[PDB]
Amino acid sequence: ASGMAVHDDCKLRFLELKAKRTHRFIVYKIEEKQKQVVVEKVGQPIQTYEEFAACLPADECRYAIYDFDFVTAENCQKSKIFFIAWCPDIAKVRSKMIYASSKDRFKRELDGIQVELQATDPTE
C-alpha cells in the first residue's frame, strides 16, 4: 500500500553528471520490496556504448541517464541529456508496468532532461 519513492543518491548522481559532467551515464533500478528507485551503476566521464549497453540487463527493465555528447565540425563538444526507459521484451509484464507507471514520477526528480527514449532489444 506504499508508493514509489526515490533514493536521494539518484538526484545527487544526476546532479554531478549535469553540473560537472563526471559521469557518462547512470543506471537506475526499482527495488519493489523497498519501493524505491536506487542507483545501480554510475559510469566514468567517458564510457563506450558497449560498456553502457552491458549495464542494461537483457531480462530486466531499468531507467538510465546518458550524457550524449558529440563534436561539431568546428571541433566543438556539445551534449544532450538522454533519459532512457529500458524495457527488454522478456522482462515480466508486471515489472514493465511498474517501470512505466513510475517513469514520470521519477523523471520529475531529474530536471534537465533534453531527450526521452524508450528502448528495447529486438534480438531477444
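Start at 1 with the first residue shown and count on from there.
Looking at 71 to 79 and 39 to 47 together, the entry lists the larger mean B-factor for 71 to 79, computed on C-alpha atoms. The mean Cα B-factor in the deposited entry runs higher for 101 to 109 than for the other of 20 to 28 and 101 to 109. Per the PDB record, residue ranking by Cα B-factor puts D59 in the middle third of the chain. Among the modelled residues of the chain, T123 sits in the highest third by CA temperature factor in this PDB entry.
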